[PDB]
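Each chain is listed here by its residues.
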Amino acid sequence: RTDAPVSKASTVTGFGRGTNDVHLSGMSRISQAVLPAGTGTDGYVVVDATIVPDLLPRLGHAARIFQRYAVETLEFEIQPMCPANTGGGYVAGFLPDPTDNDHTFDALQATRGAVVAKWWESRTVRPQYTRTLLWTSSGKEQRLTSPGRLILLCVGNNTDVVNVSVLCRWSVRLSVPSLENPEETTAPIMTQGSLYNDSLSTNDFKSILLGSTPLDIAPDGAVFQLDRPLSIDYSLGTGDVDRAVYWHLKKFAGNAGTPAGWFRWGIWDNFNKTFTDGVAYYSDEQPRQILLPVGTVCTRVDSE
Amino acid sequence: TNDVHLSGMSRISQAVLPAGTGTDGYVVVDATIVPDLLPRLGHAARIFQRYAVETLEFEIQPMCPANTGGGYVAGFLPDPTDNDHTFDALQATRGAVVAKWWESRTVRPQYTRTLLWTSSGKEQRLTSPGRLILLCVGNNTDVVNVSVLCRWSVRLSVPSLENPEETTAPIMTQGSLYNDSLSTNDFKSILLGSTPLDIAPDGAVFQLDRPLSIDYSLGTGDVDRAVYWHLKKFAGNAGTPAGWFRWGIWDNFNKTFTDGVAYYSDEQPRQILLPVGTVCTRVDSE
Amino acid sequence: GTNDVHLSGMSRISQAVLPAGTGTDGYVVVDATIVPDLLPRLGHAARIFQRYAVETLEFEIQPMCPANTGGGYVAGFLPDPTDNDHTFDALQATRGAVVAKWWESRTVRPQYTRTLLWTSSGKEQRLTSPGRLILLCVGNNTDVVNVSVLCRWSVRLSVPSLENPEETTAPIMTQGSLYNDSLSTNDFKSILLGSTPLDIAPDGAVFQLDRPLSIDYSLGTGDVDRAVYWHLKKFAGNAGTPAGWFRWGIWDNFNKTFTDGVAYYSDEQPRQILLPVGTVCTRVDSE
Amino acid sequence: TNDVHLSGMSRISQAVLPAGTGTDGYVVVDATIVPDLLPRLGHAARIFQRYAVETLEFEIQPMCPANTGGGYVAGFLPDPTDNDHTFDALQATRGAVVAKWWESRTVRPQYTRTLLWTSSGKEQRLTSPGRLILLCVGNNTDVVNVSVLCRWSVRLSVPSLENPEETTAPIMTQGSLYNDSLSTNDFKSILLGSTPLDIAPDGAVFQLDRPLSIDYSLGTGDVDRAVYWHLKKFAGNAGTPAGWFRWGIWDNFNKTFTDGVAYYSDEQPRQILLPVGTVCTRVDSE
Amino acid sequence: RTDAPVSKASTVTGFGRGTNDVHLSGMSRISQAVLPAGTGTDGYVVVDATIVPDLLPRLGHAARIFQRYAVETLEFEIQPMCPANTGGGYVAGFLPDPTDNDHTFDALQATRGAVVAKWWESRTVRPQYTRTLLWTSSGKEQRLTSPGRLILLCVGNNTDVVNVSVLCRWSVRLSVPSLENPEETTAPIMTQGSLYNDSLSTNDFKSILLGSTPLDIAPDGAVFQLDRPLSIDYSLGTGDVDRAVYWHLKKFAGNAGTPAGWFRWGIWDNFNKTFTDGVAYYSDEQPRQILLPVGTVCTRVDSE
Ligand SMILES: [Ca+2]
Ligand SMILES: [Ca+2]
Ligand SMILES: [Ca+2]
Ligand SMILES: [Ca+2]
Ligand SMILES: [Ca+2]
């Protein structure tokens, strides 16, 4: 027998008490190449993979529930498929800085774990990694969301086709409970090639021009966004030179003739999840202009 | 007891992937596990309605020269409903293996181990414990003639006589058929995105669970609409390895196909005819 | 007695009358798909709980006819409710299956797998039904046979619920291909589909389809349009055609009434199949 | 054993007593306990002939604002025969409760606990363990929407199939119908003094166990006498909340009502037509 | 220190917890007769008393507070007062069915306890009774409110006046708490005589005609009610034969010439507790009619 109050009190009891930790692990292919005979000249950077939960598929999804993760174990296996008579060599190693962009044989052998071997032999690379707790959501500084990157370079010239596959065996512990939308969980990518407005087409441009191993082997229909604005020279149609400013790209698949592919600029309407295309570039007697400089960061924005 | 245990080893399937064909990802066997597919069990199942799986292993068995230098990944996906052939999907399963094309390997899956039906039905999680997919991981140098073997033991439960056209696994489309992809009388099998359909022999007949609408004309500038529920596979060759499908009428009594009406395209609006996830049972006897 | 009850009863499944000389080897006299509703005392309990599991099944044939009739039958319980093969051999394969003269009652005592089932029907039917009893002829019946089939059952009901009287009746798979050659402008024959549940369904009945019924039509002007209907309604057969006939149209659902909405055009078209083997016809009408 | 135990919780009934209506004594639910009234048990009873009560509790459940300041008394009277709705009668029973309209309470009655029939019969002490009455104790300030719940467990004994029109509780009149209270074609339900009749929906049909005599005329100054056994409820509204009854003919096969002859009053002596204690079963399907 | 609510709660504590059982007993006269010499022919049913709390006066009142009662002990004493030289015989016995209406010596001696004796001897009848729980409120079935009835029949012809008195010694237990109005606690009575509309008067009729031992020795001014309607043939006054329907009677006391008495029909207005009288019966050339058949149940409705 209790009295009738003005207002009863809340009885929302089990709230804010969600599962906290998860150890989780597996083995994931982290890339695959095929090199035809001539290709594979000394030093050709066959692979360059920045490690982030997203790259390890199974992990990537669990990471969308917690805010931190910390690496408990990593190794990579190399496992090219090729017969004994192939006389080319590779060198792999895990770079513990995710920002480091200089890929030389000399800079790998320097890394702990690094391996060197003819194409017909498998190898295991038992690397050195942070074992501290990084973040699952991408951020401004990369040093905080990734423990480093795994690169593999040719060492001689392959006599024949090389079918390399590079597997990462991981185990990791996810630390903090939270809900992170799949847009922010993507890894940022730095270009290593200048984009000139002399090297253009009316509505697209080459992906090899940017000189980035990820953007080269990036998938179709894939909408990106940039930190730096893109300057498109358009016209009213009186011989008039006007200026347009777009922030977003769109990947189109490549060819056997054009290894890397295209990139159509435009507008990524996020409120409605769609992608408009960018205005006709005006070819003109306009001074040479770098529209996007070396080091432009491109972060994937569409639904994954 | 009334229950019957049975065990054996049997070839689940055999593909030949010829020289140079095939590239990382290329699905070289996609087999939905049901007793019909397992030869000796095939006949035992025609007798009862219900089976339950006691043991399952697949032994991969590829045949090529030692210098072949391609590669494959194999594995067993427990969801006969899950339709995702990517390597990443495979590498996520238990049992999964990877090797060079000259190496046999044994995939040791985990599976339902529960009581399932022999004849197909709407929900195919009660007809099958899962499906095995084997993919390419590189480009194969040589002809490889892979023969995947399955060692199996099962428990068969209630006696029955089973219609053999019913025992077969339903195949699902992976790609949409658009109206603008039809030729006058046929279309390319590859459009449907399904390896089991692509490799179904010449003259296989399939019923669809969704209507195939064919716009036609009398030849007066007048567009009319027809409906069809059956397809006939016309075998693929070197020029068109997926082969072709003709729509038409399957007569279930006489067991005969009659080709349907010609497609007439006349300034029609964009249309989806057979959306992805269209189900295609084998109705013709084997 | 909060959640589980055992119920036992026996109950008529179905009655059939064979006119004299009707029926022949393999004539399907009764195809009854089992569901709690079809068995009368049980159907009331299955409305109370939403899960049930079968513990004993037994059917008694009891055909009534003169001692001289001299045709025959064969009956059995076929545990897959999905199984549409109604051949003699396939029936005789069923455990407990019996074959006898039209003037001999028999009892079929089968085995069933005794799974937990649902009371309210859903998409997969092997979760709502333990199977279907079939009875078919094995010679020509000389006399009229008025066959009643009984079912003795004991069952375990499990999860307390209260179901609505509309969802409980199990849908029907069509057995035969409906060609457009067979159409008449107002209606079509029931025997063409070949489903004995359809062939027997009482008139004023309404059945929704899972596949679209594509009706050709024209207001006039020598002009062929194309129309769509999801429903069917049963119009009773007469001694000349016992099958009955089906008339398409519109089943207004708020209405609680049928509207024929049937227009057809008979013309030189290429032969088509409108409703193929396997079409699922759910009973939607008022109850 | 052949006996079946069954237990549940179910709403016995739900009244809305609107703002200001209702005064100390006003009967707001009067429900004779039989399995039909208890929803889930309703169906179980249609199967057997006999039930016996194992447990019974009512939980009262009134819904209004906290400031409602009326009141009610509830209880369970063990005599389905006893026809006395007074507070004093209620306060005499075991279980009886009193509260403000915003307070739920639980009445814990004492009941027969013996073996009873499912279908109605002459002596209704064998069809029911009693009846629950809930009354007003003050004037209610606000609209209250009271929903009285019953938690019950029972034992059902012999299997049977039961006619659902037979399962229903007979209603007894509380007030006499006098001849001088008839209108030309109808009379006011309130005259009969029965809450269950007063709240029976529009179009309910009732059979009487006593004849309703209607004096009529041909229009010649000649008085004649007719007899009727059926009433039809015509729904009550704000102006006449009890509604009205028309006498007539119920056709039991076609399940249709035909209104009877007009009443003609012509210097007739005072008469009792339907004495108090006239029994009125629901014959129309529900 | 408690806060002020919107509404305090009910404090109606001791409710619904009334006294439950009562054993209670006594000895009550259940009837009395006086038989003048000639009367008392073999088999004359001198007494016929249906046992119900009401008949036992003290008990009758307690019974209005509980719903059930169950009999714990019964005996009857017979105790005629008469001198040794009276040469007649009686036979008593308790019929355990309250509905049984055939009173023969042969049907008593059959009953357990039954006694037979010359008028000048007392007797005790130790009967057989239900000992189950009946109901205090009358109902449709009598088998449920009464354990049976005590009848006493003459056995020879009394030479002299016979003053018999028949006492019932009882003990009973009252089971269920409730409040039962004195109108429903009365016992129903079945007639054993047809009422013809040829055997009538303008406003009343004989009580012996009904042929019921209770209704015969029923008291004055005593308003009854029937299950079956009564058909009174009245007139508008043009020689017109109209039809009237009354449900209620009224007892008027009897005579030395008319042992049983009268019964005036009418209207028992219960809302106001009064009794109107019924219309002038129209004597007419009307076909012979049974107005109330054998077995009509008459239940007392006025205040007791
Ligand atoms: Ca985060
Ligand atoms: Ca089967
Ligand atoms: Ca359900
Ligand atoms: Ca009954
Ligand atoms: Ca009582």
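1. Comments concerning the interface of chain E and chain D
Here comes step 1: Contact with chain E, which involves 45 residues of that partner, is made by 48 residues of chain D.
Here comes step 2: Between chain E and chain D, a total of about 3,600 Å² is buried, with carbon and sulfur atoms accounting for 53% of that surface.
Here comes step 3: Here chain E is connected to chain D by 16 residue pairs in polar contact.
Here comes step 4: Those elements giving two or more residues to the side of chain E that touches chain D turn out to be β12 (223-234), β13 (242-252) and β15 (266-269) of chain E.
Here comes step 5: For the side of chain E that touches chain D, the element with the highest residue contribution is β13(E), accounting for seven residues.
Here comes step 6: Per-class residue counts for the side of chain E that touches chain D are 20 nonpolar, 14 polar and 11 charged.

2. A closer look at the sheet that holds strand β9 (residues 132-137) of chain C
Strands in a sheet are paired, the pairing made by backbone hydrogen bonds, and the direction either parallel or antiparallel.
Residue and element names in this part refer to chain C.
Here comes step 1: Strand order in this open sheet of four strands is β2-β9-β5-β6, and the pairing throughout is antiparallel. Each end of this open sheet is capped by a strand with a single partner; those strands are β2 (28-33) and β6 (98-101). Ignoring strand direction, the axes of neighbouring strands in this sheet form an average angle of 15°.
Here comes step 2: Bridging between strand β5 (residues 72-78) and β9 involves six bridges; their strand directions are antiparallel. Following the sheet pairing, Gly 76 is matched in β9 by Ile 134.

3. Observations regarding the arrangement of the chains
Here comes step 1: The top pair by number of contacts, from a total of six pairs of chains in contact, is chains D and E.
Here comes step 2: Nothing in chain C touches chain E; the tightest C-alpha to C-alpha distance between them is still 28 Å.

4. Some points on the coordination of the calcium ion (ligand 5)
Here comes step 1: Binding of the calcium ion (ligand 5) to the protein goes through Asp79(D) (OD), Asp82(D) (OD), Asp82(D) (OD), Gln67(E) (OE1), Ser137(E) (OG) and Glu180(E) (OE), at separations of 2.0 to 3.2 Å.
Here comes step 2: According to the relative accessible area criterion, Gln67(E) is buried, its value standing at 0%.

5. Some details on the coordination of the calcium ion (ligand 1)
Residue and element names in this part refer to chain A.
Here comes step 1: Protein coordination of the calcium ion (ligand 1) is provided by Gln 67 (OE1), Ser 137 (OG) and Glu 180 (OE), with donor distances spanning 2.1 to 2.7 Å.
Here comes step 2: Between the donor residues of the calcium ion (ligand 1), the gaps in sequence give the motif Q-x69-S-x42-E. Of this pair, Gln 67 sits in the loop between α1 (57-62) and β3 (68-77) while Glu 180 sits in the loop between β9 (162-174) and β10 (189-190); the two residues are 113 residues apart in sequence, bridging distant segments of the chain.
Here comes step 3: Given the relative accessible area of 29%, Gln 67 is considered partly exposed.

6. Some points on the UniProt feature "binding site: Ca(2+) 2" (unreviewed entry) in chain A
Residue and element names in this part refer to chain A.
Here comes step 1: Taken from the UniProt record, the annotation "binding site: Ca(2+) 2" (unreviewed entry) applies to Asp 240, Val 241 and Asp 242.
Here comes step 2: Along the chain, the position of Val 241 falls in the loop between β12 (223-234) and β13 (242-252).
Here comes step 3: Not counting residues up to four positions away in its chain, the partners in contact with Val 241 are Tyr 234, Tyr 282, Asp 284 and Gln 286.
Here comes step 4: Classification of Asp 242 by relative accessible area gives partly exposed; the value is 24%.

7. A short note on the environment of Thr68(D)
Residue and element names in this part refer to chain D.
Here comes step 1: On the secondary structure map, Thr 68 appears in the loop between β3 (50-59) and β4 (72-77).
Here comes step 2: With a relative accessible area of 0%, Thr 68 lands in the buried category.
Here comes step 3: Residues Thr 68 and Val 143, spaced 75 residues apart in sequence, show a C-alpha to C-alpha distance of 8.4 Å.
Here comes step 4: Setting aside residues no more than four positions away along its own chain, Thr 68 makes contact with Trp 101, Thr 141, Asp 142 and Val 144.
Here comes step 5: From its side chain, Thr 68 meets the backbone oxygen of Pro 65 in a polar contact 2.4 Å long.

8. Remarks on unusual backbone geometry
In most cases, non-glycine residues show a negative phi, while peptide bonds are predominantly trans.
Here comes step 1: Phi at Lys255(D) is positive, roughly 60°, even though this residue is not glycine.
Here comes step 2: Here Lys255(D) shows up in the loop between β15 (244-251) and β16 (256-259).
Here comes step 3: With phi around 45°, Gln79(E) is a residue other than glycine that occupies positive phi space.
Here comes step 4: Residue position: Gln79(E) is located in the loop between β3 (68-77) and β4 (89-95).
Here comes step 5: Residue class for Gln79(E) comes out partly exposed when judged on its relative accessible area of 29%.

Rules used in this analysis
Residues numbered from 1 in each chain as written, not as in the entry; some residues may be left out. Chains lettered and ligands numbered in written order. Part of a larger assembly, values for the part shown. Heavy atoms only, no water. Contact = heavy atoms within 4.5 Å. Buried area = accessible area lost by both parts, 1.4 Å probe. Polar contact = N/O pair within 3.5 Å; in protein donor to acceptor, adjacent residues only side chain to side chain. Helix = DSSP H or I, 4+ residues; strand = E, 2+ residues; numbered from the N terminus. Nonpolar A, V, L, I, M, F, W, Y, C, P; charged D, E, K, R; others polar. Pairing = 2+ DSSP bridges. Axes fitted to C-alpha atoms, helices over the stretch in contact; angles between N-to-C directions. Donors = N, O, S within 2.8 Å, 3.2 Å for Na, K, Ca; no water. Buried < 20%, exposed > 50% of the residue type's maximum accessible area, 1.4 Å probe, protein only. UniProt positions renumbered as here; feature names shortened; annotations may be inferred.

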